[PDB]
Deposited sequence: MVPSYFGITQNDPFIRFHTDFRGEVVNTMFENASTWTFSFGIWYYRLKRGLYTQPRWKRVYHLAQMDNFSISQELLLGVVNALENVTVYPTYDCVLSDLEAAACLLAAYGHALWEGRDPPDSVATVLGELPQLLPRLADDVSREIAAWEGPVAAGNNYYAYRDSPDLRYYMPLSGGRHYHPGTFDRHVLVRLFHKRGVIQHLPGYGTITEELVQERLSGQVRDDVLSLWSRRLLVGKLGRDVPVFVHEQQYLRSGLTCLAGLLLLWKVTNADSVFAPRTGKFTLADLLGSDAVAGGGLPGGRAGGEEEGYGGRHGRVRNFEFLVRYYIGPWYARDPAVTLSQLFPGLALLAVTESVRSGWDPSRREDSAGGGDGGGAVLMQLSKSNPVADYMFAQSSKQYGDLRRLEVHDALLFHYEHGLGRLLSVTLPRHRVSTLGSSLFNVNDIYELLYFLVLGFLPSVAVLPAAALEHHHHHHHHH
């Protein structure tokens, strides 16, 4: 009964909810706002139009008024549910989120800077320090890209994973829980972390040294392992995973760092106090009755990410930012890339989540195709000359996002409504 609150933008009040932030915000919008007059952009409309002519999906998603940009609550919840699950690792034995894995890599990175930084005490503290750590990481990445050796992976992507065209599942299956040798060879973060001594021995990356054989023989033994244990023993005790051997945590953690780097880059582009371009107002979401250096990213860290992690430590980056997942997947799809060769993968996963015909394995395969697009699109967006410009272009052309204030809400909601139909 004690209400929960999240803060999205500094110019806005906090948003009240009981247990499910996104679900309750969506429900309030359909109950209090004139949704029939809204647009959610052409990407959402094209999805509605495509489904409208398919009787099964028209019924499941309660589609009505074929030539209206407005979408049903059922369709909106369907899309959002698919996006939220993108970086969820749905195995019975998943003990860490992509966010906690990213926090361990970042604490190890901070220690490896050798600048006398105050050691963080927990994942919550590392999250609190993202506004200080991410600019340093972004500077190091920019230097690593400028001095890049050998070829760049397909799509000018510096954050690429080298998977076989036949790889259909995200879970690592080589020698237990490792990805095939060479999977991380062209990934800028892995190259940087290996250069800074964050990662010392990564199976399938580089060559086995005499020191690994000596460690295996004598037992006399690593920055990543030390920081993973320090941050996660409170949560897991003795059962702390070794990221270099349970590579799903290494890969999800790296993808989450790429996601955080992109969020830090685009969220701080302009002030929420500057004159508005778009038509969205908080009243479109909650109803009329209910309502220097740019630091929009720090505001989200303190009033959204931090409080969510405190109440639900299983939270993943796609559950926090389903709009980021929609942008990244769309960037990959539009580029012509396909994980089956190395098309609506969001809609494909929505269908797999609702249909009783799909077994667990088929649903996982469709989930993993969406996640492969997500990783590729995220890497593409972060690798372009001006990431803000490409994100701005996709936002205004497809997702009804026209300024920084609308971008911030879109990233957190997975959609952006505004009055499109007026007398």
Stretches of deposited sequence not represented by any CA atom are 222 to 223, 294 to 314, 366 to 384, 466 to 479
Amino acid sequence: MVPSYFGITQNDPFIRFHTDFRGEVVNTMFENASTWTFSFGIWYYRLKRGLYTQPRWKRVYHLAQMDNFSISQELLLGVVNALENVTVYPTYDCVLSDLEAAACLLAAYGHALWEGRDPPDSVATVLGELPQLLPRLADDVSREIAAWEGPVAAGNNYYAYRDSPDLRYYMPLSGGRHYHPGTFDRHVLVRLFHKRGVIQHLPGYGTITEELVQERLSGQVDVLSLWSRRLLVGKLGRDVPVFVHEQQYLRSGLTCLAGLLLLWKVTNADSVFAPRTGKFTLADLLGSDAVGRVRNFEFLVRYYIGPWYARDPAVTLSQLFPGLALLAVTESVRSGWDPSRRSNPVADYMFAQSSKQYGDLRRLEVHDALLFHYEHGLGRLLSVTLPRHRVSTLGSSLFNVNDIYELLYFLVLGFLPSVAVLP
From here on, numbers count along this sequence of modelled residues.
Taking the deposited Cα B-factors and averaging over 177 to 185 and over 110 to 118, the higher mean is found in 110 to 118
Looking only at C-alpha temperature factors in the entry, 306 to 314 or 234 to 242, the higher average sits in 234 to 242
The residue of 398, 370, 381, 66 with the maximal C-alpha B-factor according to the PDB record is 66
Note to self: of 135, 322, 78, 155, the C-alpha temperature factor tops out at 155
Among the modelled residues of its chain, the C-alpha B-factor of residue 30 falls in the third labelled middle
Chain thirds by Cα B factor, record data; residue 278 belongs to the highest
Of the three thirds of Cα B-factor ranks in this chain, residue 251 occupies the lowest
On the chain's distribution of Cα B-factors, residue 41 falls within the third called lowest
Residue 422: CA B-factor among chain residues, third -> highest
